Amino acid sequence: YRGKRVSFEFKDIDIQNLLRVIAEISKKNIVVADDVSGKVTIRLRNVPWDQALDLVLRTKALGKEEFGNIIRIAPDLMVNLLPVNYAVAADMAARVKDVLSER
Amino acid sequence: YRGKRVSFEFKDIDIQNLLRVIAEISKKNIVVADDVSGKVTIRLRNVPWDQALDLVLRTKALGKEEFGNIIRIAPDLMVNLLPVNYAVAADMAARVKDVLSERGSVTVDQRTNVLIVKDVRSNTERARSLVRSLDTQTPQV
Amino acid sequence: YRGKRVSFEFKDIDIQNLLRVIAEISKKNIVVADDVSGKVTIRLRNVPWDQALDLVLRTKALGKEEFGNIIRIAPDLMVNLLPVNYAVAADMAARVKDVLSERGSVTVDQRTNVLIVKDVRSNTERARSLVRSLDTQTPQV
Amino acid sequence: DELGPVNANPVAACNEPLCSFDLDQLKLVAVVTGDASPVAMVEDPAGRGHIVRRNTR
Amino acid sequence: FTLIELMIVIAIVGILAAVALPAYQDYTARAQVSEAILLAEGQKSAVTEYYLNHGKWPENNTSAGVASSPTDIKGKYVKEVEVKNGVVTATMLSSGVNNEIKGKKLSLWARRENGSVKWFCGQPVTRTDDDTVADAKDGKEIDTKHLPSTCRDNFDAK
Amino acid sequence: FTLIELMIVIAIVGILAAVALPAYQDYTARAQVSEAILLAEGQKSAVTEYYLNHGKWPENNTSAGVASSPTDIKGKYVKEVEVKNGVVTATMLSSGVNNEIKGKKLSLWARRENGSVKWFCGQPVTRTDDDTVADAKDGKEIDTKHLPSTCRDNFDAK
Amino acid sequence: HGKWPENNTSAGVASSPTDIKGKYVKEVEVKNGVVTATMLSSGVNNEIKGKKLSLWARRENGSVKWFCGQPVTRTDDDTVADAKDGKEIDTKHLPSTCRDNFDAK
Amino acid sequence: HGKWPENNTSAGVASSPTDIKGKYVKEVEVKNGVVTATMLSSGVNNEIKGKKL
């Protein structure tokens, strides 16, 4: 759970493709099961991948389990980084949880 | 979910036609299922399309799923953009949700702190009067 | 939902006739089903038609669905426009809803902060007296 | 002997609608405009909707 | 030849329990919610005072001067009670409750009367500004059927 | 030659009563205990106030300000209710009750929440210190099967 | 009450034993929870008239269980005994469901 | 409690299955909310004894 920074733009693509693409960029060797899900759309900027991944999981996609060398994954929107210069991030958590609700 | 600005005027037309028309304007390649719904009426001004779409869905119409290149869609009113110069758009959300109740109509919050409403003119008018009225106590700085 | 201003006077006429009449005045091409309802009485002054229509629906009459070119409609009282010079129209909504109760009559809020009422004269009179009375504490600026 | 195997009935036919109807019969329903270029929406005397744009007929 | 009085009367008490099952099951839930409400209240005091003394709604339990920990205001069916900007929300535990009300909650919020405040009780709400809240629409609200007649307030009740 | 319909149906109602016997006999006992509980409660008030006002649990009924005589807080199935250091125990009479619950009792005790207290309900307990009680293990406790779901508290419940 | 009804009236039944008679039954008396039925003298077999049986119960604790057999007397609240006297209906005339002994549990 | 009684004692009934017997019933056991009744071996038909529901 640490990586180079990236921008993920996926317009109507198989999560298996996003995954492989994510392995071709040295973000582990990723391998799915066979039939994980389908196709998804996301568009991220300035996000380290290992996060853009955790975030991809939550969209539609799967959960991830790592063997170590290989990882198995089994069955626009955008991402933006907010700097918090002044406050602690955890103090926002109550209010931010409250907008999400069951969304 | 970003596009050129547009004005959508649809007087008693198949949502399938509005869709195709929306694909002919480079707003993706849109394709429905076969029998999605029927015919709808909307009239928008100054709305980016990808929004006028989300807004069309809520009228009668469908939900959208994108493959990436193509998108599949499966089974007057007007739109007006309200600038919010003084207040944050999210502070309106409690009051604006409270007019809607179980009505039709919706409100969309764009990132540049503008509200957008689709609805009947009568629900638009109400939502504008409240947004501007609450904006107005915020201009006295 | 925008039109020329009109005065609707209908003394014991088929809603189908009012409808056709409303199509003969370029207020769309209106077509009913066959057996929608029957006969109604209304008398409006200074009301745009597309409103006098929404208001006709609520009397007895139907709901409207538009194809775009044609509209399908399926199965004295007076109308008066109240200017609201001082207050916002939405602030009246709580009190005005509270007179109506489970009565007939309605109130429509136009975008230019004018209220419009259809009803019996006796419910119109009540609604005007309250709207003007609340407007009157708003003129003392 | 041919039904027990595989059956297709190919498209090559007529289907070409508004060039069979006169222009003053057609009614403008709506217009769409965005990055995909402006497109008009028009209604047949048979009540179909169509979508047509600059350079089309 | 004979014995049907024992067989029918054992099978009428069996079906009597099945008919008495949903009655005791909403009477029951409706009872477990009536407490989430009592646990939510009595915390109105802290919140009211905080508002009248400062003119600002208490941001959290500690501000309101109550068990700084939401989980410290729990009960048998109540997993907690949190004060979020004057709004007091009560969460239903996960063990010991109905079935369609656990992990579900309600809210109590107030409104400036000017010199005093008035309290409301209903389905979860979020505070927007000092005099406006809105449905905390998310799917975990206790169903209207389980709420008292005195706790049917809407986000815009005045 | 004939008459078996009268003989079997008189003998199915006889066996029906034998099957309905244990159901009415625990429903019954469970009902007589639900009262020992009601008689125990309502005395929480006195005990709570005494504790919050003084910071010490009432030693006995008189201290708590209740019928100075335990036997004066009896009922139909309740032979009495005694307050012993804030712990309120209810004893089941010997006449008019089940059979395996008479002369048996339960206890209600509380715990300092600091500014308030929380009450528990369960099998007999003794108070050790101002914030600790223990099983009054002795053999006269009302059997778990006869106690409501709301009165299954253990000596160390918090 | 936790006590067996002393007689019919206590049990809340025709205060008169003879009021609980039948065609072959001359009566039915409740004596300390034990219910005994007497066979008439007219309209019956010949070796069963004026003869009787008893139904008695036992505390199960929270409920009771009933027995049916030849006449019995109650000793204590949980014990009865053969009303040995010679007027008991002969075993051969009693159903399989009414062959209970004074000490059946 | 939201959990099925594991056995008779949990359900608050004759802690002993054999204590819930009858003439044709050899017992009645509660096993995780399921209540099973066993047919005695004496006093019953012939193809139903030792059998249960």
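Our subject is the structure that appears above.
### A word on the overall build of chain G
- When its secondary structure is counted, chain G shows one helix and six strands.
- Each helix and strand of chain G, placed in order from N terminus to C terminus, yields the pattern α-β-β-β-β-β-β.
- In terms of C-alpha radius of gyration, chain G reaches 14 Å, essentially the compact-globule figure of 13 Å for 105 residues.
- Taking the principal axes of its C-alpha atoms as reference, chain G extends roughly 40 × 30 × 20 Å.
- Residue pairs at least 24 apart in sequence account for 22% of intrachain contacts in chain G once pairs closer than 6 positions are excluded.

### With respect to the overall build of chain B
- If you tally the helices and strands in chain B, you get four helices and 10 strands.
- Walking chain B from its N terminus toward its C terminus, one meets helices and strands in the order β-β-α-β-β-β-α-β-β-β-α-β-β-α.
- The C-alpha radius of gyration of chain B comes to 16 Å, within 12% of the 14 Å expected for a compact globule of 141 residues.
- Each principal axis of the C-alpha distribution contributes one length, and for chain B these read about 55 × 25 × 20 Å.

### Some remarks on the sheet that holds strand β7 (residues 70–74) of chain B
Residues and elements named next belong to chain B.
- Ordered by their spatial adjacency, three strands build an open sheet running β3-β7-β6, and the pairing between neighbours is mixed. Edge strands, defined here as strands with exactly one partner in the open sheet, are β3 (29–32) and β6 (63–66). When strand polarity is set aside, the average angle formed by the axes of neighbouring strands in this sheet is 30 degrees.
- Here β6 pairs with β7 via four bridges, running antiparallel. Paired with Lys64 across the strands is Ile73, a residue of β7.

### Side note on unusual backbone geometry
- Positive phi, normally seen in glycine, also occurs at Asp12 of chain A, with a value near 65 degrees.
- Residue placement: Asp12 of chain A occurs in strand β2 (residues 9–14).
- With a phi close to 50 degrees, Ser101 of chain C is a non-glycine residue in the positive phi region.
- When you line up the elements, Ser101 of chain C lands in the loop between α3 (89–100) and β9 (106–110).

### Examining helix α3 (residues 89–100) of chain B
- The terminal C-alpha atoms of α3 of chain B, which comprises 12 residues, lie 16 Å apart, in line with the 16 Å expected from a rise of 1.5 Å per residue.
- Immediately beyond the C-terminal end of α3 of chain B, within one or two residues, lies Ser101 of chain B, with a positive phi of roughly 50 degrees.

### What to know about the interface of chain B and chain D
- On the chain D side, the residues contacting the 10 residues of chain B number eight residues.
- Considering each element in turn, the side of chain B that touches chain D owes the most residues, three residues, to strand β2 (residues 9–14) of chain B.
- Partitioned by chemical class, the residues of the side of chain B that touches chain D number four nonpolar, two polar and four charged.
- Where β2 of chain B and strand β1 (residues 27–32) of chain D come together, two bridges link them in antiparallel fashion. Across the sheet, residue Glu9 of chain B finds its bridge partner in β1 of chain D, namely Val31 of chain D.

### Observations concerning the interface of chain E and chain F
- Of the residues lining the interface, five residues belong to chain E; the matching set on chain F comes to five residues.
- Along the lines of polarity and charge, the residues of the side of chain E that touches chain F split into three nonpolar, one polar and one charged.

### Let's talk about the sheet that holds strand β2 (residues 39–43) of chain D
- With mixed pairing, eight strands are arranged side by side in an open sheet as β9(B)-β10(B)-β8(B)-β4(B)-β2(B)-β1(D)-β2(D)-β3(D). What marks the edges here is a single partner per strand, and that holds for β9 (106–110) of chain B together with β3 (49–53) of chain D. Strand-to-strand twist in this sheet, taken as the mean axis angle between neighbours without regard to direction, amounts to 30 degrees.
- Note: β2 of chain B against strand β4 (residues 39–44) of chain B, four bridges, orientation antiparallel.

### Brief notes about the relation of the copies chain E and chain F
- For the pair chain E and chain F, the relating rotation is 101 degrees, the translation along its axis is 10 Å, and the fit reaches an RMSD of 0.0 Å.
- Each copy contacts the other with its own distinct surface, as only 20% of the interface residues of chain E are interface residues in chain F too.

### Section: the pairing of strand β6 (residues 79–82) of chain G
Residue and element names in this part refer to chain G.
- Sheet topology note: the strand β5 (residues 72–76)/β6 ladder contains four bridges and is antiparallel. When the sheet's bridge partners are listed, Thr73 is paired in β6 with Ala81.
- Between β5 and β6, which pair antiparallel and follow one another directly, the connecting turn spans two residues.

### Some words on the arrangement of the chains
- For the eight pairs of chains in contact, the maximum contact count is reached by chains B and D.
- Left apart from each other, chain A and chain D have a closest C-alpha approach of 16 Å.
- In this view chain B stays clear of chain H, with the nearest C-alpha atoms of the two still 35 Å from each other.

### Topic: the pairing of strand β4 (residues 39–44) of chain C
- As paired strands, β4 of chain C and strand β8 (residues 77–83) of chain C are joined by two bridges and run parallel to one another. What sits directly across from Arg43 of chain C, in β8 of chain C, is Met78 of chain C.

Cut-offs applied
Residues numbered from 1 in each chain as written, not as in the entry; some residues may be left out. Chains lettered and ligands numbered in written order. Part of a larger assembly, values for the part shown. Heavy atoms only, no water. Residues with missing side-chain atoms left out of burial classes, pairs and counts. Helix = DSSP H or I, 4+ residues; strand = E, 2+ residues; numbered from the N terminus. Rg over C-alpha atoms; globule rule 2.2 N^0.38 Å. Contact = heavy atoms within 4.5 Å. Pairing = 2+ DSSP bridges. Axes fitted to C-alpha atoms, helices over the stretch in contact; angles between N-to-C directions. Expected span 1.5 Å × (residues − 1). Nonpolar A, V, L, I, M, F, W, Y, C, P; charged D, E, K, R; others polar. Least-squares fit on C-alpha atoms.

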